[PDB]
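Analysis of the macromolecular model
Chain by chain, the residues:
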Amino acid sequence: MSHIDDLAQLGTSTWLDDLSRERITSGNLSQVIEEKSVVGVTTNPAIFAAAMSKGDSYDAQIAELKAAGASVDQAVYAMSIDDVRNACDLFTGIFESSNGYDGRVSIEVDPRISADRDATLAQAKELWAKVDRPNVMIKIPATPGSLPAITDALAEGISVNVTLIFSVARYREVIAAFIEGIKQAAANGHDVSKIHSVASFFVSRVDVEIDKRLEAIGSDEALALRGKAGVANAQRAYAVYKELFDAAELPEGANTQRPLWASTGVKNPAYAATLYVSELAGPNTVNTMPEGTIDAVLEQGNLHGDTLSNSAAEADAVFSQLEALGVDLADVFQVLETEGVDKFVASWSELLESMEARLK
């Protein structure tokens, strides 16, 4: 039927990049699964923040939580868990039919503990046990401290959405941590066939940083390269996926860790709104799209087959050309990681402020 269905036939599952209570009550979340072929969802603090400030969708539970003695942290916890568990129920049919790959709902641990392995693990177990739904996924970022918490968590049978992956180097480390996670899960007696993971690899961020730097260079050639690095970087990640899982020896029954294209909303009005979907389509992948990007794909389409599998030559040429023009790609990826963690933590404080505003 739809262009999202065509995208799944190419191998790329479509997830939605937020779980606002607006979507649930309105019936939008059912509609999006049923009509837009959405087969997974993730939490979104920034959107959550906004919804409490500008909307009445949480008014009922805020009244509840203000009636009890709820702190800002407890309110935020309670509200997001109720959303997530509600989404888990509704995605149960897809979870069961998809061999556990899709039908997933992701929820993060506290962004402020992301350099703290122990605390990240502790809160991963806590969230896992509290939500108490087998299709939930705990978002754990691929940043210092929490990267090894990824294998610890998988070792306990927790399914993990790895987030804040910006570079192929760090993606390689994420895959290694997944393989060790599943090896330890087996050694700890867990049925490894029910442990899943996705690796959320950011796309638009790269072009935002690099488009600026290409404009600073200002040459014809630099300007002609704009809007290419994000796709190219992701395609290089896909080659790595194939490489490391080819080389890997996983316990029997183990799932693959599918690459997931995140931040796939275009940030420049001149770029086609389907750029980070059509160019990143192919086997064993997920794309976590903003709903506006889902609607762009649905009405505009512009898919042209699998654009991932045979993509490595093109993508490398983009990167070798960027480095010929003097763009310091290692510095770019370091800026993205630092800015990534700060944005991550910042949007969390934005949510805590929003929340505090309502609880007074």
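Residues numbered from 1 in each chain as written, not as in the entry; some residues may be left out. Heavy atoms only, no water.

Looking at the PDB entry, one finds the protein chain named Transaldolase, with Corynebacterium glutamicum as its source organism. Here the entry title, as the record gives it, is "TRANSALDOLASE from Corynebacterium glutamicum". Listed under Function (unreviewed entry) in UniProt, the entry text for the protein chain is "Transaldolase is important for the balance of metabolites in the pentose-phosphate pathway." (UniProt positions renumbered as here; feature names shortened; annotations may be inferred.)

Inspection of every chain in the model, using the stated rule, returns eight aromatic pairs. Their ring planes at 65° and their centres at 6.0 Å tell us that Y171 and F201 sit as a pair that is edge-to-face. Of this pair, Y171 sits in helix α10 (residues 168–187) while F201 sits in strand β6 (residues 197–202), and the two are 30 residues apart along the sequence. A relative accessible area of 1% places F201 in the buried class. (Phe/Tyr/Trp six-rings, centres within 6.5 Å; stacked < 30°, edge-to-face > 60°. Helix = DSSP H or I, 4+ residues; strand = E, 2+ residues; numbered from the N terminus. Buried < 20%, exposed > 50% of the residue type's maximum accessible area, 1.4 Å probe, protein only.)

The next thing to look at is empty space enclosed by the protein. Evaluation of the coordinates by the stated rule reveals one cavity of 30 Å³ or more. If you trace the largest cavity, you find 15 residues lining it, with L19, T43, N44, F48 and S80 closest to the centre. For the lining of the largest cavity, the secondary structure elements donating two or more residues are α4 (45–54), α6 (72–90) and α17 (329–359). When the residues that make up the lining of the largest cavity are grouped by side-chain class, the tally is eight nonpolar, four polar and three charged. (1 Å grid on protein atoms, 1.4 Å probe; cavity = no way out; pocket = protein on both sides within 12 Å on 5 of 7 lines; lining within 4 Å. Points joined across faces, edges and corners; volume = space filled by probe spheres on them. Nonpolar A, V, L, I, M, F, W, Y, C, P; charged D, E, K, R; others polar.)

On to the packing of helix α3 (residues 28–36) against helix α15 (residues 291–300). Any two packed helices are characterised by the angle at which their axes cross and by the distance between the axes. Packing of α3 against α15 leaves a shortest axis separation of 13 Å and a crossing angle of 30°. With respect to each other, α3 and α15 are oriented roughly parallel. Considering how the two elements wind past one another, α3 and α15 form a crossing that is left-handed. Touching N28, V32 and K36 of α3 are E291, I294, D295 and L298, all from α15. (Axes fitted to C-alpha atoms, helices over the stretch in contact; angles between N-to-C directions. Parallel < 35°, antiparallel > 145°, perpendicular 65-115°, else oblique. Left-handed = near helix turned anticlockwise from the far one by under 90°. Contact = heavy atoms within 4.5 Å.)

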